[PDB]
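Undergrad: Okay, so here is data-v3.pdb, and as you'll see once you scroll down, it has PDB, C-alpha atoms (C1' of nucleotides).
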ATOM      1  CA  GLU A 348       0.000   0.000   0.000
ATOM      2  CA  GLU A 349       2.568   2.605   1.087
ATOM      3  CA  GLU A 350       5.175   1.103  -1.250
ATOM      4  CA  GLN A 351       3.358   2.732  -4.175
ATOM      5  CA  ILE A 352       3.530   6.149  -2.487
ATOM      6  CA  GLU A 353       7.240   5.717  -1.819
ATOM      7  CA  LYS A 354       7.906   4.534  -5.377
ATOM      8  CA  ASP A 355       5.986   7.339  -7.073
ATOM      9  CA  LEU A 356       7.461  10.062  -4.844
ATOM     10  CA  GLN A 357      10.959   8.760  -5.591
ATOM     11  CA  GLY A 358      10.199   8.511  -9.306
ATOM     12  CA  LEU A 359       8.796  12.034  -9.502
ATOM     13  CA  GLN A 360      11.757  13.424  -7.547
ATOM     14  CA  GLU A 361      14.227  11.663  -9.855
ATOM     15  CA  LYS A 362      12.301  12.942 -12.878
ATOM     16  CA  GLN A 363      12.435  16.467 -11.447
ATOM     17  CA  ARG A 364      16.201  16.196 -10.906
ATOM     18  CA  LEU A 365      16.746  14.907 -14.448
ATOM     19  CA  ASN A 366      14.520  17.685 -15.792
ATOM     20  CA  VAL A 367      16.559  20.321 -13.952
ATOM     21  CA  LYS A 368      19.817  18.856 -15.260
ATOM     22  CA  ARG A 369      18.603  18.633 -18.858
ATOM     23  CA  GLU A 370      17.164  22.160 -18.765
ATOM     24  CA  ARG A 371      20.495  23.515 -17.514
ATOM     25  CA  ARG A 372      22.333  21.579 -20.235
ATOM     26  CA  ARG A 373      20.006  22.735 -23.013
ATOM     27  CA  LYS A 374      20.040  26.334 -21.775
ATOM     28  CA  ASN A 375      23.838  26.440 -21.889
ATOM     29  CA  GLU A 376      23.911  24.702 -25.276
ATOM     30  CA  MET A 377      21.354  27.007 -26.903
ATOM     31  CA  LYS A 378      22.884  30.164 -25.421
ATOM     32  CA  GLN A 379      26.255  29.151 -26.875
ATOM     33  CA  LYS A 380      24.590  28.176 -30.164
ATOM     34  CA  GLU A 381      22.742  31.483 -30.530
ATOM     35  CA  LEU A 382      25.856  33.465 -29.589
ATOM     36  CA  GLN A 383      27.900  31.644 -32.238
ATOM     37  CA  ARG A 384      25.119  31.973 -34.829
ATOM     38  CA  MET A 385      24.760  35.696 -34.153
ATOM     39  CA  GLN A 386      28.526  36.189 -34.451
ATOM     40  CA  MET A 387      28.846  34.088 -37.628
ATOM     41  CA  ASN A 388      27.049  36.628 -39.831
ATOM     42  CA  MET A 389      30.131  38.921 -39.889
TER      43      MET A 389
ATOM     44  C1'   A B   1      49.263  10.873 -77.742
ATOM     45  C1'   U B   2      46.184  14.920 -76.935
ATOM     46  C1'   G B   3      41.847  17.188 -78.466
ATOM     47  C1'   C B   4      37.026  19.860 -79.801
ATOM     48  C1'   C B   5      31.283  20.137 -81.255
ATOM     49  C1'   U B   6      26.477  17.763 -80.859
ATOM     50  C1'   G B   7      23.499  13.130 -78.923
ATOM     51  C1'   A B   8      22.796   8.112 -76.122
ATOM     52  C1'   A B   9      24.526   5.778 -71.436
ATOM     53  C1'   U B  10      26.732   6.643 -66.719
ATOM     54  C1'   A B  11      22.476   1.157 -63.827
ATOM     55  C1'   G B  12      21.892  -2.384 -59.459
ATOM     56  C1'   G B  13      22.967  -5.009 -54.085
ATOM     57  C1'   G B  14      25.656  -4.003 -49.447
ATOM     58  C1'   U B  15      27.866  -0.477 -46.017
ATOM     59  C1'   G B  16      26.141   3.963 -43.896
ATOM     60  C1'   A B  17      30.040  10.605 -44.095
ATOM     61  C1'   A B  18      28.757  15.620 -42.748
ATOM     62  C1'   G B  19      24.361  17.913 -40.786
ATOM     63  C1'   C B  20      19.814  17.357 -37.699
ATOM     64  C1'   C B  21      16.362  15.445 -33.563
ATOM     65  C1'   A B  22      15.703  13.273 -28.839
ATOM     66  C1'   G B  23      18.088  10.952 -24.402
ATOM     67  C1'   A B  24      22.485   9.949 -20.419
ATOM     68  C1'   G B  25      27.887  11.843 -18.269
ATOM     69  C1'   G B  26      30.832  16.476 -17.170
ATOM     70  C1'   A B  27      31.701  23.455 -15.272
ATOM     71  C1'   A B  28      32.589  24.046 -20.639
ATOM     72  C1'   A B  29      34.988  21.992 -24.514
ATOM     73  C1'   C B  30      33.848  17.138 -25.303
ATOM     74  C1'   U B  31      32.388  11.630 -24.998
ATOM     75  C1'   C B  32      28.395   7.650 -25.413
ATOM     76  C1'   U B  33      22.794   5.527 -26.823
ATOM     77  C1'   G B  34      18.653   5.501 -30.426
ATOM     78  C1'   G B  35      16.680   7.580 -34.808
ATOM     79  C1'   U B  36      17.106  10.503 -39.101
ATOM     80  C1'   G B  37      19.636  11.818 -43.195
ATOM     81  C1'   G B  38      21.914   9.619 -47.920
ATOM     82  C1'   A B  39      28.022  11.179 -49.199
ATOM     83  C1'   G B  40      32.331   8.978 -51.144
ATOM     84  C1'   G B  41      39.797   7.431 -54.429
ATOM     85  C1'   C B  42      33.982   2.702 -49.895
ATOM     86  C1'   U B  43      32.875  -2.271 -51.362
ATOM     87  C1'   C B  44      30.272  -6.760 -54.463
ATOM     88  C1'   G B  45      28.714  -9.425 -59.400
ATOM     89  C1'   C B  46      57.759   7.987 -63.655
ATOM     90  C1'   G B  47      54.794   3.632 -65.732
ATOM     91  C1'   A B  48      48.845  -0.140 -67.517
ATOM     92  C1'   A B  49      43.853   0.918 -68.489
ATOM     93  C1'   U B  50      39.766   4.224 -68.763
ATOM     94  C1'   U B  51      31.504   2.953 -73.073
ATOM     95  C1'   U B  52      29.460   4.575 -77.634
ATOM     96  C1'   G B  53      26.902   7.236 -82.764
ATOM     97  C1'   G B  54      27.625  11.345 -86.067
ATOM     98  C1'   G B  55      30.780  15.576 -87.193
ATOM     99  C1'   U B  56      35.571  17.961 -86.970
ATOM    100  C1'   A B  57      41.388  19.424 -85.887
ATOM    101  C1'   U B  58      46.422  19.125 -84.089
ATOM    102  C1'   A B  59      38.640 -41.517-106.827
ATOM    103  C1'   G B  60      33.048 -42.310-106.889
ATOM    104  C1'   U B  61      38.066 -41.306-102.365
ATOM    105  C1'   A B  62      38.361 -37.023 -98.420
ATOM    106  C1'   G B  63      34.023 -35.109 -97.454
ATOM    107  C1'   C B  64      28.260 -32.837 -96.818
ATOM    108  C1'   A B  65      30.498 -26.447 -95.442
ATOM    109  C1'   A B  66      27.799 -28.168 -88.309
ATOM    110  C1'   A B  67      22.731 -23.539 -86.131
ATOM    111  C1'   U B  68      18.806 -29.563 -81.665
ATOM    112  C1'   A B  69      13.167 -33.008 -83.693
ATOM    113  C1'   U B  70      10.498 -34.560 -85.965
ATOM    114  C1'   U B  71       5.681 -38.042 -86.898
ATOM    115  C1'   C B  72       0.475 -39.083 -89.169
ATOM    116  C1'   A B  73      -3.469 -38.183 -92.946
ATOM    117  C1'   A B  74      -4.981 -35.428 -97.238
ATOM    118  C1'   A B  75      -4.205 -32.069-101.659
ATOM    119  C1'   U B  76      -1.270 -30.524-105.962
ATOM    120  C1'   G B  77       1.972 -32.662-109.245
ATOM    121  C1'   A B  78       4.987 -36.903-114.548
ATOM    122  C1'   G B  79       7.610 -37.323-110.114
ATOM    123  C1'   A B  80       6.991 -35.335-102.669
ATOM    124  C1'   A B  81      11.356 -36.589 -96.493
TER     125        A B  81
END
Before we go any further, please render this structure as structure tokens.
TA:
Amino acid sequence: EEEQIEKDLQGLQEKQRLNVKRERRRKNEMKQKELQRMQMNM
RNA sequence: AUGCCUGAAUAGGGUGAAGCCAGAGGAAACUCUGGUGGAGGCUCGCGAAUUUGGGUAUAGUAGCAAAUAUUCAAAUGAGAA
């Protein structure tokens, strides 16, 4: 009964952590990409 | 040997390059997983070679000429494999 609560809380917390990590990664990657793209036109 | 003009052809099987998308690691750079995409001195059936049309320059013996399988009935005809 409570095993399901523990499992889904842990799963949602792990998903949240992975989401934070991937958002940080993509934000850095796209900021670098847009900077390079903006600078490549000259 | 090197050309030039105008046409035909430059096929097929396999593999899967940049680039892209989405995931996971690390502060970046960067490295892996899946997909996508469809490229090449990639493969498969000093020297040689490098498709093609037209035009245009520098003893009655040997033997039967070889490309397999012919058969039956009728017609024509002097005479029919």
Undergrad: Identify, on the basis of only C-alpha atoms (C1' of nucleotides), every residue whose closest approach to stretch 14-23 of chain B does not exceed 12 Å; exclude the query and any residue fewer than 6 positions from it along the same chain; express the result as a list in words.
TA: residues 365, 366, 369 and 373 of chain A; 32, 33, 34, 35, 36, 37, 38, 39, 40, 42, 43, 44 and 45 of chain B
Undergrad: Could you save the residues just selected, with C-alpha atoms (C1' of nucleotides), as a PDB file, keeping the file's coordinate frame?
TA:
ATOM      1  CA  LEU A 365      16.746  14.907 -14.448  1.00  0.00           C
ATOM      2  CA  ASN A 366      14.520  17.685 -15.792  1.00  0.00           C
ATOM      3  CA  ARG A 369      18.603  18.633 -18.858  1.00  0.00           C
ATOM      4  CA  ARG A 373      20.006  22.735 -23.013  1.00  0.00           C
TER       5      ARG A 373
ATOM      6  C1'   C B  32      28.395   7.650 -25.413  1.00  0.00           C
ATOM      7  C1'   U B  33      22.794   5.527 -26.823  1.00  0.00           C
ATOM      8  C1'   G B  34      18.653   5.501 -30.426  1.00  0.00           C
ATOM      9  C1'   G B  35      16.680   7.580 -34.808  1.00  0.00           C
ATOM     10  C1'   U B  36      17.106  10.503 -39.101  1.00  0.00           C
ATOM     11  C1'   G B  37      19.636  11.818 -43.195  1.00  0.00           C
ATOM     12  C1'   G B  38      21.914   9.619 -47.920  1.00  0.00           C
ATOM     13  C1'   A B  39      28.022  11.179 -49.199  1.00  0.00           C
ATOM     14  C1'   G B  40      32.331   8.978 -51.144  1.00  0.00           C
ATOM     15  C1'   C B  42      33.982   2.702 -49.895  1.00  0.00           C
ATOM     16  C1'   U B  43      32.875  -2.271 -51.362  1.00  0.00           C
ATOM     17  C1'   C B  44      30.272  -6.760 -54.463  1.00  0.00           C
ATOM     18  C1'   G B  45      28.714  -9.425 -59.400  1.00  0.00           C
TER      19        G B  45
END
Undergrad: As an exercise, work out the distance from atom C1' of residue B:6 to atom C1' of residue B:51 in Å and give it to one decimal place.
TA: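 Interatomic distance, atom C1' of residue B:6 to atom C1' of residue B:51: 17.5 Å.
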Undergrad: Find the distance between atom CA of residue A:388 and atom CA of residue A:374 and write it in Å to one decimal.
TA: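 Atom-to-atom, atom CA of residue A:388 and atom CA of residue A:374 are spaced 21.9 Å apart.
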Undergrad: Identify all residues satisfying the PyMOL selection byres ((chain B) within 12 of (chain A)) in the given file; provide them as a list in words.
TA: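 With the shown file as input, the PyMOL selection byres ((chain B) within 12 of (chain A)) matches residues 22, 23, 24, 25, 26, 27, 28 and 29 of chain B.
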Undergrad: Evaluate the PyMOL selection byres ((chain B and resi 52) around 9) here and jot the selected residues down as a list in words.
TA: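 Taken on the displayed file, the PyMOL selection byres ((chain B and resi 52) around 9) yields the residues residues 8, 9, 51 and 53 of chain B.
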Undergrad: Grab the atom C1' of residue B:64 to atom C1' of residue B:79 distance for me, in Å with one decimal place.
TA: 25.0 Å
Undergrad: Using all atoms of stretch 362-379 of chain A that appear in the file, construct an axis-aligned enclosing box with 4 Å of padding on every side and provide its centre coordinates and edge lengths in Å, rounded to one decimal, as lines of an AutoDock Vina configuration file.
TA:
center_x = 19.3
center_y = 21.6
center_z = -18.9
size_x = 22.0
size_y = 25.2
size_z = 24.0
Undergrad: Provide stretch 353-371 of chain A rebuilt to N, CA and C atoms, formatted as a tab-separated table (two decimals), keeping the file's coordinate frame.
TA:
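This went into out.tsv:
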chain	number	residue	atom	x	y	z
A	353	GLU	N	5.79	5.52	-1.83
A	353	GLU	CA	7.24	5.72	-1.82
A	353	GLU	C	7.81	5.67	-3.23
A	354	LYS	N	7.37	4.70	-4.03
A	354	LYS	CA	7.91	4.53	-5.38
A	354	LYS	C	7.58	5.74	-6.25
A	355	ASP	N	6.34	6.24	-6.18
A	355	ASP	CA	5.99	7.34	-7.07
A	355	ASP	C	6.60	8.66	-6.62
A	356	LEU	N	6.73	8.88	-5.30
A	356	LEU	CA	7.46	10.06	-4.84
A	356	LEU	C	8.91	10.02	-5.31
A	357	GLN	N	9.57	8.87	-5.16
A	357	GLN	CA	10.96	8.76	-5.59
A	357	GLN	C	11.08	8.94	-7.10
A	358	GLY	N	10.16	8.36	-7.86
A	358	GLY	CA	10.20	8.51	-9.31
A	358	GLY	C	10.00	9.95	-9.75
A	359	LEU	N	9.04	10.64	-9.14
A	359	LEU	CA	8.80	12.03	-9.50
A	359	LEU	C	9.96	12.92	-9.10
A	360	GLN	N	10.59	12.64	-7.95
A	360	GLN	CA	11.76	13.42	-7.55
A	360	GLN	C	12.93	13.20	-8.49
A	361	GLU	N	13.17	11.94	-8.89
A	361	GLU	CA	14.23	11.66	-9.86
A	361	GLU	C	13.94	12.32	-11.20
A	362	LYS	N	12.68	12.28	-11.63
A	362	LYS	CA	12.30	12.94	-12.88
A	362	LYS	C	12.52	14.44	-12.79
A	363	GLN	N	12.20	15.04	-11.64
A	363	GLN	CA	12.44	16.47	-11.45
A	363	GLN	C	13.92	16.79	-11.51
A	364	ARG	N	14.76	15.97	-10.87
A	364	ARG	CA	16.20	16.20	-10.91
A	364	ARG	C	16.74	16.09	-12.33
A	365	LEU	N	16.31	15.06	-13.06
A	365	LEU	CA	16.75	14.91	-14.45
A	365	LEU	C	16.26	16.07	-15.30
A	366	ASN	N	15.03	16.53	-15.06
A	366	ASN	CA	14.52	17.68	-15.79
A	366	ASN	C	15.37	18.92	-15.53
A	367	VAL	N	15.73	19.16	-14.27
A	367	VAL	CA	16.56	20.32	-13.95
A	367	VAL	C	17.90	20.22	-14.67
A	368	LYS	N	18.52	19.04	-14.62
A	368	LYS	CA	19.82	18.86	-15.26
A	368	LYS	C	19.73	19.08	-16.76
A	369	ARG	N	18.70	18.52	-17.41
A	369	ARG	CA	18.60	18.63	-18.86
A	369	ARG	C	18.24	20.05	-19.28
A	370	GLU	N	17.44	20.76	-18.47
A	370	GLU	CA	17.16	22.16	-18.76
A	370	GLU	C	18.42	23.01	-18.64
A	371	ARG	N	19.24	22.77	-17.62
A	371	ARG	CA	20.50	23.52	-17.51
A	371	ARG	C	21.40	23.23	-18.71
